[PDB]
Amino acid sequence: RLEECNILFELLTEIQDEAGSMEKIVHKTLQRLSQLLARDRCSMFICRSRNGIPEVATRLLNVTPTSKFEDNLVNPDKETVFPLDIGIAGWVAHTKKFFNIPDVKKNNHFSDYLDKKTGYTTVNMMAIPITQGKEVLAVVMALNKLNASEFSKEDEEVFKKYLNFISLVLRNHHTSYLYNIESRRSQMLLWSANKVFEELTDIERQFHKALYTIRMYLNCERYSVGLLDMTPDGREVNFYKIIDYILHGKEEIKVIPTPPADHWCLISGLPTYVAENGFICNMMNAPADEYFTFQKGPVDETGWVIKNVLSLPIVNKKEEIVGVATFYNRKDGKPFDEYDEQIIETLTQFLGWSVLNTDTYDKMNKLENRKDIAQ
């Protein structure tokens, strides 16, 4: 009716000043949109796409007009994750469509988990996805109508015409995130190549040079590149060197050769998997059976723990696997995603092609010999 907008203009300043967080602005909007909508609590599901698959997770929860954000936010550790074929939000995200629910008890796509897990059960709810281009960024819902079994088609219009706003905000956030993906990608290459072309050398120094020069860019706490014996496809393996980059804690860089059976990265059997099969392997925790990532709460003396791992092959222009580069734990506790996958494939590929100089080097030597055994 009367005091609708006001808070929008307020919030437009709060964007105006690049200082603002996104989530605090979405949380504030979900406040009045629960008050002003007479619905019990709102909540937000963040949508990402690890591996080929996509999925959803908690992010904001139980937004009462009163509740402080600092309550409302779900830190990434404590997030809860559904595939699209489970829960309403998943379905909302598959369908890319709006829904009003008169009764979720009379509903196939039900999410009985967070009802039962938190207690505070649900009866009715209206839900929508936020998208950008073809991409589905988020799923917002209003839960539990304050007055009797269904929301109005007057309510919808508000909801709709307010997510209009959040949408605007969410997209701008994501356009920024993409901007830094692609900048990170493009700096990475740029230096990866500045090294490679510096001077004709062998694989170890080239790879090493490079991966060092761009350590910052991976927003990553550990990673080990692992060189394969090259004398297809699987179980003929042998990692013969292995170069660790410890970038969380006190910065050390090992260059193990004839690396052990139980090197701290190898012990999981992931890099073998990637050696024998050839596929990027995003994963979130330490229990994936068919693996021995380090369930133990240290890896070592520093007490460092493993959460998210993502490992890829490094491949020839002939397409044999030259090595296997595993990455560990993003710097901000998020799982590896879609776009981490892409910029790191951008890297792994760019070296796998660089092997030409590597290979050239060894030849430039065999021939500098044969020549110097004339005179």
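Quick note: we count residues from 1 along the sequence shown, nothing fancier.
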Unresolved deposited residues in the interval that joins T231 and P232: 10 or more
60-68 versus 44-52 - greater average Cα B-factor per the deposited record: 60-68
137-145 or 271-279, whichever carries the higher mean Cα B-factor: 137-145
Out of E204, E290, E198, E251, highest CA B-factor residue: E290
C-alpha B-factor winner, where the candidates are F239, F110, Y217, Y179: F110
Ranked against its chain, the third holding the CA B-factor of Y162: highest
Chain thirds of CA B-factor: placement of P76: middle
Entry-reported Cα temperature factor of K96, expressed as the chain third it lands in: middle
Chain thirds of CA B-factor: placement of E221: lowest
Chain third (lowest, middle, highest) by recorded CA B-factor, residue given as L114: highest
